[PDB]
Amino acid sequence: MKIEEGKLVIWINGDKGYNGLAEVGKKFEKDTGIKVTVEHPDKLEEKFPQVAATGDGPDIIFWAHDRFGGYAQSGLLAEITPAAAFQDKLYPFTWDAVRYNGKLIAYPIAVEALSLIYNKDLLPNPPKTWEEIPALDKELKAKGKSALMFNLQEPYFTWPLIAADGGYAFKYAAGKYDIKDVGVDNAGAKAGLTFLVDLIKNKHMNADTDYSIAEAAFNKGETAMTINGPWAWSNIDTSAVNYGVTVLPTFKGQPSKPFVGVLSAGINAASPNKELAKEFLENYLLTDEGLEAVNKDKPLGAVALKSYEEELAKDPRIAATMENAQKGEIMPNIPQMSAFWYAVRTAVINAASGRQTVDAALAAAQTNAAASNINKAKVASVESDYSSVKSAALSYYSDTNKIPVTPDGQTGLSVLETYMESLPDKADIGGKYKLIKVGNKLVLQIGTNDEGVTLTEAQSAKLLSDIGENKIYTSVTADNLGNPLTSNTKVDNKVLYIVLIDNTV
């Protein structure tokens, strides 16, 4: 005989101190008999909302606090309600990061802020300004080195520059974020992104530079500077680089403003062991010993627990972290933050690769950042249309034994006129409706080559949840369905296909 439900499963990102965390888990097991399994899946922050209640979902999820309001709004998180004496153990600033609509929705663990990390031998006096970096690169490259490499792919890393001269996410005033006032396309954001795009165009960094490339370059002494958070310090310690951690460079005289993240731990609403999860987080992790185990594996940054932060505060890398944090902004935790990040990610990549101007990239990002809720309405509409057409097609085929197809040389859904209350023309996600045969399937084509659908990451996820798998495709042959839509995929002005009838014998 054996038991089940005698284990806590924890998810935490791959760049954090998960082995240190597993040590805390071992102590918890020793006291309670409850096994603790730490995992670090890829894309855990995207995975969690689509498997939270399945039993493949974790009991505890770790991420920066910016992700948790969306989780909370979807009802995925247990409310956390620590006693007053426990709340007193942690900085009030950090509790603010995990408060959403008046309720605490996670435990705060540590304050993270990006810093400028520099090779003290190569560069004793790091630049105080972004503007002097092109020339510094020139000089260093005369010596077989580069000035600066950092992850250009994630907007977390480029945002400090974009925000420096005035860029912002959602307008904030008196405790509230205005989800229809977005600042990614103002003069400041433009100037910031233009500067980065020019750094690339003037050969001061490659547009494909990512995390592992930047890390490798700095830790092997090939570049004089990188931009990274506290988790990164471990690997540089083991390297031969003598490094400093310092203020980010200014842009147009203004400090760089990184988005400040609080590593946080949420408890799954569906967990059968919510109180044991609270015990683990409050009385095992959030102790000097618990945080030290994690911190010695990968540094946490400035921790939320006062007693242990007071020990860490003497470290100049921690003072630098707090300096950059105070010059930046705390991330909003609101549900719309995901939309913002996805929008800005695409804008920087498209601007950097020359696909769009800075203006068009940011113009589109501004719209996208503010579109999460309307995008839900657009998906709901297409689902309505699809349902109607599917029902009508099946009723038609039931009556006639014939498959309803849009005739040659025409378009639209006129063949189903008789079977529908109203004739759909174009989808709310864009694209004209058409009925086509693909092999022995009836397929609803939405859009044409020149004029297709547009879907965000979130819309595609929603579309798939509701319509199901093996229905939605981004390509067809003339005999088969091709590339299926995945919860991942972005779609940008492309044709979409949804199966209406699987088989005509």
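Residue numbers here begin at 1 and follow the sequence given.
The deposited model assigns a higher average Cα B-factor to 463-471 than to the other stretch when 463-471 and 37-45 are compared.
Remark: stretch with higher mean C-alpha B factor among 284-292 and 117-125 is 117-125. You'll see in the entry that, of 255, 244, 155, 221, the Cα B factor peaks at 221.
Looking only at 240, 267, 248, 330, the residue with the top Cα B factor in the deposited structure is 240. Sort the chain's modelled residues by C-alpha temperature factor and residue 403 lands in the highest third, per the entry. Residue 51 sits in the middle third of its chain by CA B factor, as recorded in the PDB entry. Residue 14: CA B factor in the middle third of modelled residues in this chain (values from the PDB entry). Residue 26 sits in the middle third of its chain by CA B factor, as recorded in the PDB entry. In the PDB entry, residue 373 places in the middle third of its chain by CA B-factor.
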